[PDB]
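Working notes for the structure below.
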Amino acid sequence: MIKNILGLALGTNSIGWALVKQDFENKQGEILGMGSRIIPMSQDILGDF
DNA sequence: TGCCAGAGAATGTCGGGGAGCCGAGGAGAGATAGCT
């Protein structure tokens, strides 16, 4: 009826989160929030791993 | 190994200590009106 969805995109050193409260049956929904957490690696580690 | 920290290169600004001007009280130098 009312659904809580937590979408996570986990990169090499980045984490994107999105929490949303939605109602699919009525095509009704609002976004609770989203954010990005960045773990700082230099480009050398990205090209080396 | 990409990128961080700092060397490196052009500027512009400012103390600072001599150079050179230059305002100012004061002394020769005299025309001169009060005096004889």
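Here's how to read the names in the structure tokens: chain A, B, ... by the order shown, residue numbers from 1 in each chain, ligand numbers from 1 in the order shown.
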If you take only C-alpha atoms (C1' of nucleotides) and a cut-off of 12 Å, which residues of chain B touch chain A, and what are their nearest atom pairs and distances in Å to one decimal, in chain and number order, as a tab-separated table?
```
residue	atom	partner	partner_atom	distance
B:1	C1'	A:44	CA	6.1
B:2	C1'	A:44	CA	5.9
B:3	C1'	A:42	CA	8.4
B:4	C1'	A:42	CA	11.3
```
Write out as an MDAnalysis selection string which residues come within 12 Å of residue 11 of chain A when counting only C-alpha atoms (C1' of nucleotides), dropping same-chain ones fewer than 2 positions away. chainID A and resid 8:9 13:17 36:39 41 46
Keeping only N, CA, C and O atoms, take the residues you just selected and write them out as a CSV table (one decimal), in the first residue's frame.
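Listed below is the output, result21.csv:
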```
chain,number,residue,atom,x,y,z
A,8,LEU,N,20.6,1.8,-3.3
A,8,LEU,CA,22.0,2.1,-3.0
A,8,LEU,C,22.8,1.8,-4.3
A,8,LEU,O,22.6,0.7,-4.9
A,9,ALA,N,23.7,2.7,-4.6
A,9,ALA,CA,24.7,2.5,-5.7
A,9,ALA,C,26.1,2.6,-5.2
A,9,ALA,O,26.5,3.6,-4.8
A,13,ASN,N,34.7,3.9,-4.9
A,13,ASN,CA,35.0,4.5,-3.6
A,13,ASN,C,33.8,5.5,-3.3
A,13,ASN,O,34.0,6.4,-2.5
A,14,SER,N,32.7,5.3,-3.9
A,14,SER,CA,31.5,6.2,-3.6
A,14,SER,C,30.3,5.4,-3.3
A,14,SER,O,30.1,4.3,-3.8
A,15,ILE,N,29.4,6.0,-2.5
A,15,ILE,CA,28.2,5.4,-2.1
A,15,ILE,C,27.0,6.3,-2.3
A,15,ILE,O,27.0,7.4,-1.6
A,16,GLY,N,26.1,6.0,-3.2
A,16,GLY,CA,24.9,6.9,-3.4
A,16,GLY,C,23.7,6.2,-2.8
A,16,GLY,O,23.4,5.1,-3.1
A,17,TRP,N,23.0,6.9,-1.9
A,17,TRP,CA,21.8,6.4,-1.2
A,17,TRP,C,20.6,7.3,-1.6
A,17,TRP,O,20.7,8.5,-1.9
A,36,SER,N,25.2,11.5,-1.3
A,36,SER,CA,26.4,10.8,-1.8
A,36,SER,C,27.5,10.9,-0.8
A,36,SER,O,27.7,12.0,-0.3
A,37,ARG,N,28.1,9.8,-0.5
A,37,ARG,CA,29.2,9.7,0.4
A,37,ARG,C,30.5,9.3,-0.4
A,37,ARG,O,30.5,8.3,-1.1
A,38,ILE,N,31.5,10.1,-0.3
A,38,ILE,CA,32.7,10.0,-1.2
A,38,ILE,C,33.9,9.6,-0.3
A,38,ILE,O,34.2,10.4,0.7
A,39,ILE,N,34.5,8.5,-0.5
A,39,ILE,CA,35.7,8.1,0.2
A,39,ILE,C,36.9,8.5,-0.7
A,39,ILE,O,37.0,7.9,-1.8
A,41,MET,N,39.9,8.5,-2.7
A,41,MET,CA,41.0,7.9,-3.3
A,41,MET,C,41.5,8.8,-4.4
A,41,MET,O,40.7,9.3,-5.2
A,46,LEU,N,42.6,4.3,-8.3
A,46,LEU,CA,41.6,3.9,-9.3
A,46,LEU,C,42.2,3.3,-10.5
A,46,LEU,O,41.6,2.3,-11.0
```
Write out as JSON, numbers by chain all residues of chain A that backbone DSSP assigns to helix (DSSP H, G or I). {"A": [43, 44, 45, 46, 47, 48]}
Print the selection's residues with N, CA, C and O atoms to a file, as a PDB file, in the first residue's frame.
```pdb
ATOM      1  N   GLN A  43      43.418   9.299  -8.167  1.00  0.00           N
ATOM      2  CA  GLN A  43      43.247   8.586  -9.427  1.00  0.00           C
ATOM      3  C   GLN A  43      44.247   7.448  -9.589  1.00  0.00           C
ATOM      4  O   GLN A  43      43.995   6.522 -10.368  1.00  0.00           O
ATOM      5  N   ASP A  44      45.372   7.489  -8.869  1.00  0.00           N
ATOM      6  CA  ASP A  44      46.365   6.425  -8.983  1.00  0.00           C
ATOM      7  C   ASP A  44      45.802   5.090  -8.509  1.00  0.00           C
ATOM      8  O   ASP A  44      45.973   4.062  -9.173  1.00  0.00           O
ATOM      9  N   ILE A  45      45.119   5.086  -7.364  1.00  0.00           N
ATOM     10  CA  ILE A  45      44.532   3.848  -6.862  1.00  0.00           C
ATOM     11  C   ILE A  45      43.429   3.363  -7.796  1.00  0.00           C
ATOM     12  O   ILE A  45      43.282   2.158  -8.033  1.00  0.00           O
ATOM     13  N   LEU A  46      42.642   4.290  -8.346  1.00  0.00           N
ATOM     14  CA  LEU A  46      41.586   3.906  -9.277  1.00  0.00           C
ATOM     15  C   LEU A  46      42.165   3.263 -10.532  1.00  0.00           C
ATOM     16  O   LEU A  46      41.612   2.286 -11.049  1.00  0.00           O
ATOM     17  N   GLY A  47      43.271   3.797 -11.042  1.00  0.00           N
ATOM     18  CA  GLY A  47      43.920   3.178 -12.180  1.00  0.00           C
ATOM     19  C   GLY A  47      44.746   1.953 -11.858  1.00  0.00           C
ATOM     20  O   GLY A  47      45.120   1.217 -12.776  1.00  0.00           O
ATOM     21  N   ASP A  48      45.041   1.717 -10.581  1.00  0.00           N
ATOM     22  CA  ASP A  48      45.890   0.603 -10.183  1.00  0.00           C
ATOM     23  C   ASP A  48      45.121  -0.622  -9.706  1.00  0.00           C
ATOM     24  O   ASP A  48      45.608  -1.742  -9.885  1.00  0.00           O
TER      25      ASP A  48
END
```
For residue 20 of chain A, please output as a PyMOL selection string all residues within 7 Å (counting only C-alpha atoms (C1' of nucleotides); exclusion window: fewer than 2 positions along the same chain). chain A and resi 4-6+18+22+30-33
Hey, can you spit out that residue selection with N, CA, C and O atoms as a PDB file, in the first residue's frame?
```
ATOM      1  N   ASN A   4       8.362   1.699   1.361  1.00  0.00           N
ATOM      2  CA  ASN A   4       9.608   2.399   1.641  1.00  0.00           C
ATOM      3  C   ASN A   4      10.732   1.701   0.886  1.00  0.00           C
ATOM      4  O   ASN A   4      10.957   0.496   1.068  1.00  0.00           O
ATOM      5  N   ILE A   5      11.437   2.455   0.050  1.00  0.00           N
ATOM      6  CA  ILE A   5      12.429   1.909  -0.864  1.00  0.00           C
ATOM      7  C   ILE A   5      13.764   2.580  -0.580  1.00  0.00           C
ATOM      8  O   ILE A   5      13.831   3.809  -0.453  1.00  0.00           O
ATOM      9  N   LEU A   6      14.821   1.777  -0.486  1.00  0.00           N
ATOM     10  CA  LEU A   6      16.174   2.265  -0.234  1.00  0.00           C
ATOM     11  C   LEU A   6      17.071   1.764  -1.359  1.00  0.00           C
ATOM     12  O   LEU A   6      17.474   0.599  -1.378  1.00  0.00           O
ATOM     13  N   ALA A  18      19.482   6.589  -1.694  1.00  0.00           N
ATOM     14  CA  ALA A  18      18.221   7.260  -1.986  1.00  0.00           C
ATOM     15  C   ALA A  18      17.097   6.536  -1.262  1.00  0.00           C
ATOM     16  O   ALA A  18      16.827   5.367  -1.547  1.00  0.00           O
ATOM     17  N   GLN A  22       6.769   5.705  -1.438  1.00  0.00           N
ATOM     18  CA  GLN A  22       5.988   5.704  -2.666  1.00  0.00           C
ATOM     19  C   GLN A  22       4.729   4.864  -2.503  1.00  0.00           C
ATOM     20  O   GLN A  22       4.652   3.968  -1.659  1.00  0.00           O
ATOM     21  N   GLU A  30       6.529  10.557  -3.178  1.00  0.00           N
ATOM     22  CA  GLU A  30       7.408  11.673  -2.873  1.00  0.00           C
ATOM     23  C   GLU A  30       8.751  11.111  -2.436  1.00  0.00           C
ATOM     24  O   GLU A  30       8.838  10.004  -1.903  1.00  0.00           O
ATOM     25  N   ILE A  31       9.805  11.891  -2.652  1.00  0.00           N
ATOM     26  CA  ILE A  31      11.169  11.452  -2.392  1.00  0.00           C
ATOM     27  C   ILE A  31      11.552  11.885  -0.985  1.00  0.00           C
ATOM     28  O   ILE A  31      11.523  13.081  -0.666  1.00  0.00           O
ATOM     29  N   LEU A  32      11.916  10.916  -0.146  1.00  0.00           N
ATOM     30  CA  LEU A  32      12.339  11.234   1.212  1.00  0.00           C
ATOM     31  C   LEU A  32      13.722  11.868   1.247  1.00  0.00           C
ATOM     32  O   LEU A  32      13.968  12.761   2.064  1.00  0.00           O
ATOM     33  N   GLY A  33      14.631  11.428   0.390  1.00  0.00           N
ATOM     34  CA  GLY A  33      15.934  12.056   0.311  1.00  0.00           C
ATOM     35  C   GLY A  33      16.913  11.214  -0.470  1.00  0.00           C
ATOM     36  O   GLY A  33      16.659  10.057  -0.798  1.00  0.00           O
TER      37      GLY A  33
END
```
Any idea what the distance is between atom CA of residue 29 of chain A and atom CA of residue 7 of chain A?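 Computing the Euclidean distance for atom CA of residue 29 of chain A and atom CA of residue 7 of chain A yields 15.0 Å.
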Coordinates-based distance that separates atom CA of residue 27 of chain A from atom CA of residue 10 of chain A (Å, one decimal):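 Straight-line distance from atom CA of residue 10 of chain A to atom CA of residue 27 of chain A works out to 28.1 Å.
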To one decimal in Å, tell me the separation between atom CA of residue 26 of chain A and atom CA of residue 1 of chain A. 9.1 Å
